[PDB]
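Topology and contacts: notes
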Amino acid sequence: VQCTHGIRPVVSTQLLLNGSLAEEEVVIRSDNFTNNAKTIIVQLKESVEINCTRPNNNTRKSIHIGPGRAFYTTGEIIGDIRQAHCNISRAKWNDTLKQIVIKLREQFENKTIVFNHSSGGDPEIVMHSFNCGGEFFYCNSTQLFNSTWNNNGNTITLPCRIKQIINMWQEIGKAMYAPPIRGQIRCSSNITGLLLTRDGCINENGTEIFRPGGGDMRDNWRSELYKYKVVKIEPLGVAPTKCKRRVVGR
Amino acid sequence: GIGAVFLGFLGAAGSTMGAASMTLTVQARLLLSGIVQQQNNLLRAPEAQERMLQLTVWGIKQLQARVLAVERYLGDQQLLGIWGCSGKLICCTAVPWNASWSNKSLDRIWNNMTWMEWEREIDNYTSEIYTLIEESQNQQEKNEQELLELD
Amino acid sequence: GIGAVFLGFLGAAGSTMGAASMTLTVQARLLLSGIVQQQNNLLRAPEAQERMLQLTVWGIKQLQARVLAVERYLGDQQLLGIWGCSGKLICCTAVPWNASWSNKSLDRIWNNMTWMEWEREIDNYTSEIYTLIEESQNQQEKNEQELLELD
Amino acid sequence: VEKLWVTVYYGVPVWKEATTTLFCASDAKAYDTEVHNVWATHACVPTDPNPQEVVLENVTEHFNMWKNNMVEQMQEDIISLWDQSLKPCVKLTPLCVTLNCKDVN
Amino acid sequence: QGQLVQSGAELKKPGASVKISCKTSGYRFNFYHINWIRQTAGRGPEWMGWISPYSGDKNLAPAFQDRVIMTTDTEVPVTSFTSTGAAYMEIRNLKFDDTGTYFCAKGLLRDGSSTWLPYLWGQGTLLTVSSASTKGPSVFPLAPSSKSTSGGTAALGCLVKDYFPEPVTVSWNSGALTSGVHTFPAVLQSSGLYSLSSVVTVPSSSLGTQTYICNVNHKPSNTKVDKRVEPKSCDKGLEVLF
Amino acid sequence: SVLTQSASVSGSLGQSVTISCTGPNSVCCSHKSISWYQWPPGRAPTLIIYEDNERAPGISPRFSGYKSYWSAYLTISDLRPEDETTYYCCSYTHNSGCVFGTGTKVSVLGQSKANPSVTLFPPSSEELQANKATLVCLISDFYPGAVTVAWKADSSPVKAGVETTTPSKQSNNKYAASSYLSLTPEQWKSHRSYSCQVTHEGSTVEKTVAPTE
Amino acid sequence: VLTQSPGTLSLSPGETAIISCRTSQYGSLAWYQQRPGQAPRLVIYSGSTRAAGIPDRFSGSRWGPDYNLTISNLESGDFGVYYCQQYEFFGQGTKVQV
Amino acid sequence: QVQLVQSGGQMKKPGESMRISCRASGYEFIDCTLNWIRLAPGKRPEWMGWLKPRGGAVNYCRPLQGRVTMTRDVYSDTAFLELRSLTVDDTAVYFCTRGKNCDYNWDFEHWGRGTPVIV
Ligand SMILES: *[C@@H]1O[C@H](CO)[C@@H](O[C@@H]2O[C@H](CO)[C@@H](O[C@@H]3O[C@H](CO[C@H]4O[C@H](CO[C@H]5O[C@H](CO)[C@@H](O)[C@H](O)[C@@H]5O)[C@@H](O)[C@H](O[C@H]5O[C@H](CO)[C@@H](O)[C@H](O)[C@@H]5O)[C@@H]4O)[C@@H](O)[C@H](O[C@H]4O[C@H](CO)[C@@H](O)[C@H](O)[C@@H]4O[C@H]4O[C@H](CO)[C@@H](O)[C@H](O)[C@@H]4O[C@H]4O[C@H](CO)[C@@H](O)[C@H](O)[C@@H]4O)[C@@H]3O)[C@H](O)[C@H]2NC(C)=O)[C@H](O)[C@H]1NC(C)=O
Ligand SMILES: *[C@@H]1O[C@H](CO)[C@@H](O[C@@H]2O[C@H](CO)[C@@H](O[C@@H]3O[C@H](CO[C@H]4O[C@H](CO)[C@@H](O)[C@H](O[C@H]5O[C@H](CO)[C@@H](O)[C@H](O)[C@@H]5O)[C@@H]4O)[C@@H](O)[C@H](O[C@H]4O[C@H](CO)[C@@H](O)[C@H](O)[C@@H]4O[C@H]4O[C@H](CO)[C@@H](O)[C@H](O)[C@@H]4O[C@H]4O[C@H](CO)[C@@H](O)[C@H](O)[C@@H]4O)[C@@H]3O)[C@H](O)[C@H]2NC(C)=O)[C@H](O)[C@H]1NC(C)=O
Ligand SMILES: *[C@@H]1O[C@H](CO)[C@@H](O[C@@H]2O[C@H](CO)[C@@H](O[C@@H]3O[C@H](CO[C@H]4O[C@H](CO)[C@@H](O)[C@H](O[C@H]5O[C@H](CO)[C@@H](O)[C@H](O)[C@@H]5O[C@H]5O[C@H](CO)[C@@H](O)[C@H](O)[C@@H]5O)[C@@H]4O)[C@@H](O)[C@H](O[C@H]4O[C@H](CO)[C@@H](O)[C@H](O)[C@@H]4O[C@H]4O[C@H](CO)[C@@H](O)[C@H](O)[C@@H]4O)[C@@H]3O)[C@H](O)[C@H]2NC(C)=O)[C@H](O)[C@H]1NC(C)=O
Ligand SMILES: *[C@@H]1O[C@H](CO)[C@@H](O[C@@H]2O[C@H](CO)[C@@H](O[C@@H]3O[C@H](CO[C@H]4O[C@H](CO[C@H]5O[C@H](CO)[C@@H](O)[C@H](O)[C@@H]5O)[C@@H](O)[C@H](O[C@H]5O[C@H](CO)[C@@H](O)[C@H](O)[C@@H]5O)[C@@H]4O)[C@@H](O)[C@H](O[C@H]4O[C@H](CO)[C@@H](O)[C@H](O)[C@@H]4O)[C@@H]3O)[C@H](O)[C@H]2NC(C)=O)[C@H](O)[C@H]1NC(C)=O
Ligand SMILES: *[C@@H]1O[C@H](CO)[C@@H](O[C@@H]2O[C@H](CO)[C@@H](O[C@@H]3O[C@H](CO)[C@@H](O)[C@H](O[C@H]4O[C@H](CO)[C@@H](O)[C@H](O)[C@@H]4O)[C@@H]3O)[C@H](O)[C@H]2NC(C)=O)[C@H](O)[C@H]1NC(C)=O
Ligand SMILES: *[C@@H]1O[C@H](CO)[C@@H](O[C@@H]2O[C@H](CO)[C@@H](O[C@@H]3O[C@H](CO)[C@@H](O)[C@H](O)[C@@H]3O)[C@H](O)[C@H]2NC(C)=O)[C@H](O)[C@H]1NC(C)=O
Ligand SMILES: *[C@@H]1O[C@H](CO)[C@@H](O[C@@H]2O[C@H](CO)[C@@H](O[C@@H]3O[C@H](CO)[C@@H](O)[C@H](O)[C@@H]3O)[C@H](O)[C@H]2NC(C)=O)[C@H](O)[C@H]1NC(C)=O
Ligand SMILES: *[C@@H]1O[C@H](CO)[C@@H](O[C@@H]2O[C@H](CO)[C@@H](O)[C@H](O)[C@H]2NC(C)=O)[C@H](O)[C@H]1NC(C)=O
Ligand SMILES: *[C@@H]1O[C@H](CO)[C@@H](O[C@@H]2O[C@H](CO)[C@@H](O)[C@H](O)[C@H]2NC(C)=O)[C@H](O)[C@H]1NC(C)=O
Ligand SMILES: *[C@@H]1O[C@H](CO)[C@@H](O)[C@H](O)[C@H]1NC(C)=O
Ligand SMILES: *[C@@H]1O[C@H](CO)[C@@H](O)[C@H](O)[C@H]1NC(C)=O
Ligand SMILES: *[C@@H]1O[C@H](CO)[C@@H](O)[C@H](O)[C@H]1NC(C)=O
Ligand SMILES: *[C@@H]1O[C@H](CO)[C@@H](O)[C@H](O)[C@H]1NC(C)=O
Ligand SMILES: *[C@@H]1O[C@H](CO)[C@@H](O)[C@H](O)[C@H]1NC(C)=O
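Analysis parameters
- Residues numbered from 1 in each chain as written, not as in the entry; some residues may be left out.
- Chains lettered and ligands numbered in written order.
- Part of a larger assembly, values for the part shown.
- Heavy atoms only, no water.
- Helix = DSSP H or I, 4+ residues; strand = E, 2+ residues; numbered from the N terminus.
- Rg over C-alpha atoms; globule rule 2.2 N^0.38 Å.
- Buried < 20%, exposed > 50% of the residue type's maximum accessible area, 1.4 Å probe, protein only.
- Contact = heavy atoms within 4.5 Å.
- Buried area = accessible area lost by both parts, 1.4 Å probe.
- Salt bridge = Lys/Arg side-chain N within 4 Å of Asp/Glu carboxyl O.
- Polar contact = N/O pair within 3.5 Å; in protein donor to acceptor, adjacent residues only side chain to side chain.
- Nonpolar A, V, L, I, M, F, W, Y, C, P; charged D, E, K, R; others polar.
- Pairing = 2+ DSSP bridges.
- Patch = residues over 30% accessible without salt bridge, like charges linked within 9 Å, V, L, I, M, F, W, Y side chains within 5 Å.
- Areas by Shrake-Rupley, 256 points an atom, 1.4 Å probe, with all protein chains shown as cover.
- Domains from an automatic or database assignment.
- Axes fitted to C-alpha atoms, helices over the stretch in contact; angles between N-to-C directions.
- Parallel < 35°, antiparallel > 145°, perpendicular 65-115°, else oblique.
- Left-handed = near helix turned anticlockwise from the far one by under 90°.

- As deposited, the entry is annotated with X-ray crystallography as its determination method and 3.107 Å as its resolution.

With respect to the overall build of chain G
- Assigned secondary structure in chain G consists of zero helices and nine strands.
- The C-alpha atoms of chain G give a radius of gyration of 13 Å, which matches the 13 Å a tight globule of 98 residues would have.
- C-alpha atoms of chain G, sized along the principal axes, occupy 35 × 25 × 25 Å.
- A buried classification covers 43% of the 98 residues belonging to chain G.

What about the interface of chain A and chain D?
- Counting residues at the interface gives 46 residues for chain A, matched by 44 residues for chain D.
- In total, about 4300 Å² of surface goes out of reach between chain A and chain D, with carbon and sulfur atoms giving 70% of it.
- Among the residues chain A hides against chain D, the three largest losses belong to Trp-169, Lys-229 and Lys-242 of chain A. Together they make up 15% of the total.
- If you look at where chain A meets chain D, you find four salt bridges.
- We note a salt bridge from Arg-218 of chain A to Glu-72 of chain D, for which the minimum N-O separation is 3.2 Å.
- Where chain A meets chain D, there are 15 residue pairs in polar contact.
- Among the residues making up the side of chain A that touches chain D, the classes are represented as 26 nonpolar, five polar and 15 charged.
- Sheet topology places strand 15 (residues 231-233) of chain A next to strand 2 (residues 15-17) of chain D; three bridges connect them, and they run antiparallel. Bridge pairing links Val-231 of chain A to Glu-17 of chain D in strand 2 of chain D.

Observations concerning the pattern of salt bridges
- This model, assessed by the stated rule, comprises 37 salt bridges over all chains.
- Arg-29 of chain C is the partner of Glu-134 of chain B in a salt bridge, and the nearest nitrogen-oxygen pair spans 2.8 Å. Of this pair, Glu-134 of chain B sits in helix 7 (residues 126-150) while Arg-29 of chain C sits in the loop between helix 2 (24-28) and helix 3 (36-43), placing the two residues on different chains.
- Judged by relative accessible area, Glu-134 of chain B falls into the buried class, the value being 9%.
- By relative accessible area, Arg-29 of chain C is classed as partly exposed at 29%.

Quick word on a nonpolar patch on the surface
All names here are of chain C.
- Where nonpolar side chains cluster on the molecular surface, the patch consists of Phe-9, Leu-10, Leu-30 and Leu-31 and spans about 390 Å² of accessible area.
- Counting through the fold element by element, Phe-9 comes out in the segment before helix 1 (17-20).
- For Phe-9, a relative accessible area of 52% gives the class exposed.

Let's talk about the domain arrangement of chain E
All names here are of chain E.
- Parsing chain E into structural domains produces domain 1 (1-131) and domain 2 (132-242).
- Relative placement of domain 1 and domain 2: their C-alpha centres are 34 Å apart.
- Per-residue buried area on domain 1 facing domain 2 is highest for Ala-9, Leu-11 and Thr-128; these three make up 59% of the total on that side.
- Of the residues that constitute the side of domain 1 that touches domain 2, the class distribution is three nonpolar, three polar and one charged.

Concerning the packing of helix 3 (residues 218-225) of chain A against helix 2 (residues 69-86) of chain D
- Helix 2 of chain D packs onto helix 3 of chain A with a crossing angle of 130° between their chain directions and a minimal axis gap of 9 Å. Judged on the interaxial angle alone, helix 2 of chain D and helix 3 of chain A are oblique. In the packing of helix 3 of chain A onto helix 2 of chain D, the handedness of the crossing is right-handed. Taking contact as the criterion, the partners of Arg-218, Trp-221, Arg-222 and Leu-225 of chain A in helix 3 of chain A are, on helix 2 of chain D, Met-70, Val-71, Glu-72, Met-74 and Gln-75 of chain D.
- Among the residues making up the contact of helix 3 of chain A with helix 2 of chain D, the classes are represented as five nonpolar, one polar and three charged.

What to know about the interface of chain E and chain D
- Each side of the interface is counted separately: chain E has six residues, and chain D has six residues.
- Taken over both partners, the interface formed by chain E and chain D buries close to 480 Å², and the fraction arising from carbon and sulfur atoms is 41%.
- Interface area lost by chain E to chain D is led by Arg-28, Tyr-54 and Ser-80 of chain E, which between them contribute 68%.
- Applying the counting criterion to the chain E and chain D interface returns zero salt bridges.
- At the surface where chain E touches chain D, the tally comes to three residue pairs in polar contact.
- Taken together, the residues that form the side of chain E that touches chain D break down as two nonpolar, two polar and two charged.

Regarding the sheet that holds strand 16 (residues 236-241) of chain A
- Taken together, three strands build an open sheet; the order of strands is 16(A)-1(D)-1(B) and the sheet is antiparallel. Each end of this open sheet is capped by a strand with a single partner; those strands are strand 16 of chain A together with strand 1 (91-96) of chain B. Within this sheet the neighbouring strands show an average axis-to-axis angle of 35°, counted without direction.
- As paired elements, strand 16 of chain A and strand 1 (residues 5-10) of chain D share six bridges and run antiparallel to each other. Bridge pairing links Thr-241 of chain A to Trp-5 of chain D in strand 1 of chain D.
- Against the sheet, helix 4 (residues 57-82) of chain B engages strand 16 of chain A together with strand 1 of chain D, with an angle of about 150° to strand 1 of chain D.
- The sheet strands contacting helix 7 of chain B are strand 16 of chain A, strand 1 of chain B together with strand 1 of chain D, and the helix crosses strand 1 of chain B at an angle near 95°.

Next up, the structure:
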């Protein structure tokens, strides 16, 4: 190809949004699975739609620190005061978790599997973080990751906090203040996959634990750029064929 | 039929050395101008902000790579020149085939190996080979000169 | 022996015009690709910060000089083209030798003067000479055309 | 065989694993409508309408996502755009004033 | 640079089906043809047909064109240059003279005059076709007898009797014995049974230092009976050494 | 078979010998390619030459080949003792279709022959409790492969129950042969001490063995 | 999971010793050595490969379930306790003394 | 050259909480991953868990889960280790290490410094 397929540079921290789905059946990808310090990337076949919102109708307020510049903030809140969240069908989500476990049991032994909330880290990692309409979310994903899948209704509403002062890529004393977006915002993402991290201390009961990874950002791109590779063309090549350089006469 | 119809860039990657010997133009073209045709054509889209705010982050990514593509290309055209054959595609020499490079025979070279495969088996000697053609020209270049003097 | 062995870049700087006439490839090569071979090869050292922090002070020093080397090189290849001989190294013309350029004889030109020395003695006329070859091509280019019409 | 001779070929189907500065393609409906500032998208070229690709027969290349520089290139890029786009934007450095905060209900 | 393996001896009866496949290694299975040749003692090594694992084109022998049908599986790559794959050839409406040592054979070139003509050859798994039953190779030992009294050797080997069908194979100490290997084939009696034997070479001085046993087996009968040669004996050339 | 190839030919050591193929125009030889294999009886086949002139890969120049409009030829030269095998040839075109040859028992001559080494193994105690009594005669280290078996019982002609074999080539490019004798324990026990005859180079070999010993 | 055998491990400066280690699944092998005051010092990073400041004496040698580390020509710095490491796991370890 | 150093003698009674330091230099702190080991006297060197310093992502072993608390601070290049509910089982000295390269963490080429702890 000359160029790849369209890679949406979305940046999330736990689930993979608006990416590409698997073609046949869901797949799991890791460098080495014994390497418990290595991110397990999953790619869904069926994307599960996740609706989200900041319910508050906000008012912009330009306070001019000047000279030719101002600092925008929420002047007030027109109406009720409410909490930000994200809605996803728990049927779709856990029937999706069924897709995963069976292909997880392929890389592991048929031993039963368990899911869990993140062990620790910045709000970035320990919570499903993403942008929705210009504002940065941090959804508490304990709900989606708390289940044990063996062999022998309603919907999910994840609470979210909004941050405005943020530091993507964890830079050197360099932070960014997202000004507030006017009014309320509601956006809808497709979960296309996610990132897991195994607990490398196998137990009798155990059995094998997988919590939402997402410390490094290089995997967001691997999740899509896996399909491709770059090479350098070398059009010059020498080969023997019976033919001399026509100098039997001059 | 097969040699007078369409093929595509790098199509004969897994085709025999003999097969590929027809589809050179395909991969002998677009080494340069594969992108300068497309760039100039697609860049004159109605934007009118080509190089606005002077040069940017994509500014150097292209020029650092634009300027590469040509010298990279002019490197292989410099070899054609310095080997006395810029007829390209195919060109014979007086440099004979040192079987130390590959003891194998003709029949299987062109009809079983592919160029990717072949250039590997011959990769290590290419340096010594290439230098033999340069010294093949200069013998010829002096032999030319000697005859320019007396006639 | 002497023409079939090693010499080195610019080795015949103080060798006769005839002597140098064998060691052209030496200084006909590396005009370009003398640096693009070395640059690409040495720059892929395990650094992984090629063009980090975008472009820098050595950033332009190279590109301002990279882009020169090629047009400078393509200027001499444009002359080979416009004189109808890009066979390089050595090429005859219909333009005869105006002794007004140098009254001297053949014997001593090739066996006593060196090219550095010679091109000086002929420096002032080169402009007029070069323009004669261009008008030598176009006479030939029209004479070609005239015969394309009738056959 | 016969007196065999080296013969040289320009335009052969050969490549090697490599890395080099890539460049980006934009979208037609993306560039046309302004959307004001958006990443560094405006500084890209537009993608070809014809999504051209050629299938390679009789090849079986090796891929390893993990050691793939396009992602060491992607994030390199992604960070560079942000920094540069926020280069001119408003600095909140004097707002480090003592904030007398009451809570809301 | 590669090697091919096949399907073992599958005993069938006249008027039945028998399938014989071939699996590859060390080369691009798709790049080359797969030929089929038997070893009919009455006719000769008759060529059956070849097939392209890439283009699916065939060229069967009009003798068995209607009888047999060929088919192939997908290719499973090992490296960027090598792979593994499978190919088949089943034959129905069998007769007696459809027998011999059956070979699969990879082609010579990817292109040219001798494209399909085989270069590399398979194992050669023998096939008989009769309605009779099958008997197992009952393994037993032999009373030792020296080969030369001048040098000083103590020959010993195991004996197989009344088996059907071929082939039968012997390995000593489960592949833990190298030099001194000697074996031979069988013959059909008036009754209708094949029978063979084996033999080894060791000295008569050191007897109870190393221990050897014959790991005999048989694919159609499904058995791997083992035996050991009893040293206590009295012959003519071995009692002079003791 | 279809194609007629010389069934018998011979040649002394250090020299050369030629094998030929012939048949109707349909099966030989104009506008047709010819191949040559070193098909060993008892082992897997080997390839020799195919262009027809061009050698097979990893084959010595000793092997040459020629094709007239009516016949093919193969010229192996400066012979080796490992060449004692059988050889088939074939007829084919590009699109197809191997028409195999009748084969050739080639005979390498002018080599130092050797006398054999016999080991007669009698049945053990457990085997006789089956019940069955089998005398097995072995032959090894001898070439060319030629042996005439003559079992004897009570020093009388044994005509009933003759199990004999063809000499199979050993791994050291020499021959090997075996022999058997089906017998009931009734006659086996009480038969005045057995015998077993075999011969090569016109010099007979034997090893007499006892029942009760 | 790792079975580092055997345990006693006492010899003279003029001798040779070989330490074995067993495993069920595959992995990346390594080795260490403790000292008075000092902490574990790496000596092997793949299996065959050596660490910094490691002579030819340290011979790693077996492609199989049993992997071993040999350090012929013993010395006075060699006293201490060694361990075999594979991923998160460790070996029983063994102490050699004066 | 990649130095490492920690705290020192700090005595505590069973059933309490503790905290230690682990300063480091010579590399992009956030790029390479770290980990700890509960090396016991006589017993097997027990692994505790690892930490990614960029985002703070961590991983803990079951026997130490809940009790252990690995932290950091790139403003000081210092990886912290907090441990509550103490026992005689976990009295031994601890050591913070990093791999030979970022590519592979489990090849510990760079280790910490002595940290006496008394219960
Ligand atoms: C995974 O993928 C999914 C799918 O892509 C992602 O979800 C998407 O997320 C994006 C952004 O996150 C959303 O796009 C934004 O939508 C908002 C709201 O939509 C407006 O339009 C709706 C109808 O569409 C109309 O417009 C479109 C073009 O926008 C047109 O194509 C279409 O034909 C139709 O005409 C309305 O329904 C909608 O709500 C209205 O009605 C409600 C009641 O029904 C009412 O409650 C609402 O209040 C509202 O009245 C709304 O009008 C857009 O606002 C936004 O566009 C902003 O940004 C662009 C670029 O800068 C700018 O050109 C726009 O004008 C706009 O910016 C100005 O206007 C905003 C208000 O419209 C204001 O809030 C901004 O601050 C800004 O104001 C500035 O400019 C004004 C002048 O314009 C100036 O006066 C001010 O002073 C100031 O300077 C985007 O279009 C997608 O909708 C959403 N998709 C889905 C399916 O959810 C998901 O995020 C992905 N996941 C991840 C992880 O990334
Ligand atoms: C990430 O996880 C990875 C797993 O997902 C992991 O990769 C694997 O790591 C292991 C060890 O590090 C690699 O080695 C393997 O070791 C096997 C050992 O078996 C031998 O030893 C046994 C005990 O001594 C014997 O019992 C056994 O059988 C013999 O003995 C029996 C006794 O009764 C007897 O009955 C038997 O008949 C027999 O005689 C055997 O001798 C080894 O068996 C294993 O399989 C190889 O061999 C098989 C045939 O036996 C092949 O079918 C198989 O495919 C393996 O072939 C190797 O070689 C081929 C040709 O070179 C390659 O195509 C293969 O890919 C494979 O390549 C290995 O060897 C190459 C040699 O150059 C080497 O370059 C490669 O890198 C590779 O090491 C196999 O050798 C195992 O190969 C790794 N891969 C897999 C898929 O398992 C990895 O370590 C983790 N970490 C990282 C960073 O990746
Ligand atoms: C130029 O000027 C500079 C000025 O900056 C000069 O350089 C500085 O000098 C400073 C002092 O001179 C120096 O700072 C100090 O370094 C201390 C070194 O640590 C030793 O002491 C501690 C105890 O304090 C001990 O624990 C250490 O190691 C023990 O344990 C190891 C474990 O392996 C053993 O191997 C070792 O033997 C030792 O003893 C143990 O073993 C023996 C047997 O061998 C047993 O008998 C013992 O019982 C024991 O088990 C080191 O030996 C460092 O510790 C200091 O920091 C502590 O103290 C301060 C307060 O003093 C406190 O704030 C710190 O947090 C820390 O406290 C911890 O220890 C306390 C006990 O003291 C404890 O109560 C606390 O709870 C804490 O746990 C201090 O930092 C500084 O490093 C250097 N700078 C440099 C760069 O080198 C320089 O010399 C000048 N140059 C010239 C030319 O003039
Ligand atoms: C990827 O790799 C694969 C494998 O490496 C490679 O496939 C090889 O491709 C080469 C080049 O194309 C092939 O080499 C040629 O092989 C020809 C042999 O096939 C001919 O004969 C077939 C038999 O037909 C007879 O029998 C039937 C009934 O059995 C009867 O009806 C017929 O009338 C006839 O009697 C025939 O089916 C076959 O048909 C081809 O063409 C038709 C269209 O006409 C097409 O539809 C088919 O799909 C098929 O392609 C064909 O006619 C051989 O004739 C040919 O010989 C010519 O060239 C050589 C030298 O080039 C000369 O020596 C000779 O004189 C001829 O001029 C040539 O040898 C090779 O066989 C393939 N091998 C395999 C295993 O597939 C792919 O091409 C590679 N692909 C890429 C993209 O790289
Ligand atoms: C997911 O992973 C976690 C971590 O490995 C694993 O942990 C266990 O969870 C149970 C809950 O079922 C813990 O038990 C208690 O949980 C309650 C909340 O339900 C806490 O309030 C308790 O902590 C307080 O109370 C304790 C005394 O009761 C105090 O000792 C403590 O200091 C607190 O004050 C308590 O944690 C259990 O402790 C943990 N285990 C560990 C080792 O941390 C959980 O089981 C996993 N679940 C799934 C579904 O995978
Ligand atoms: C590359 O090819 C050249 C020829 O194009 C080789 O030079 C020639 O090599 C042969 C040795 O093979 C020289 O000696 C002659 O060899 C034959 C038998 O091999 C023998 O009959 C002769 O009497 C003599 O020994 C020959 O002189 C030499 N030619 C020249 C001009 O020197 C060269 O060796 C090849 N090099 C490699 C690395 O393959
Ligand atoms: C460059 O060379 C050209 C020829 O290639 C010169 O043109 C020719 O110059 C001569 C004068 O030297 C012209 O006249 C003839 O001269 C001889 C004696 O010199 C005389 O015998 C003749 O009768 C006539 O006088 C000649 O016509 C002319 N040729 C053409 C076609 O015009 C030219 O002068 C030289 N210029 C320089 C600057 O050297
Ligand atoms: C049903 O699930 C159990 C786990 O609950 C499986 O048991 C595992 O079996 C594998 C081997 O197949 C072992 O390696 C694991 O140690 C076992 N784990 C446990 C917890 O028992 C069992 O195999 C599954 N059975 C089927 C038919 O899928
Ligand atoms: C799994 O089962 C084991 C018992 O088989 C439980 O182990 C206990 O874990 C607690 C810590 O939470 C320890 O304090 C106990 O000593 C353990 N008891 C035993 C008998 O091992 C474990 O809690 C179970 N896990 C779950 C999630 O229920
Ligand atoms: C080339 O030489 C090698 C031995 O070095 C041999 O294995 C190979 O078969 C030879 N190739 C040909 C075509 O003779
Ligand atoms: C071509 O033939 C040689 C030996 O004759 C073999 O080594 C090589 O692998 C063949 N090429 C292909 C692509 O199979
Ligand atoms: C050329 O002319 C000059 C005078 O203008 C004279 O001195 C010189 O010797 C001449 N050269 C030859 C070779 O005649
Ligand atoms: C060549 O000879 C001329 C005169 O014949 C003289 O002027 C010139 O200097 C000589 N060149 C050298 C290099 O000596
Ligand atoms: C919540 O805080 C605001 C702060 O201004 C105050 O006015 C309001 O009365 C508080 N709500 C209640 C219920 O006290």
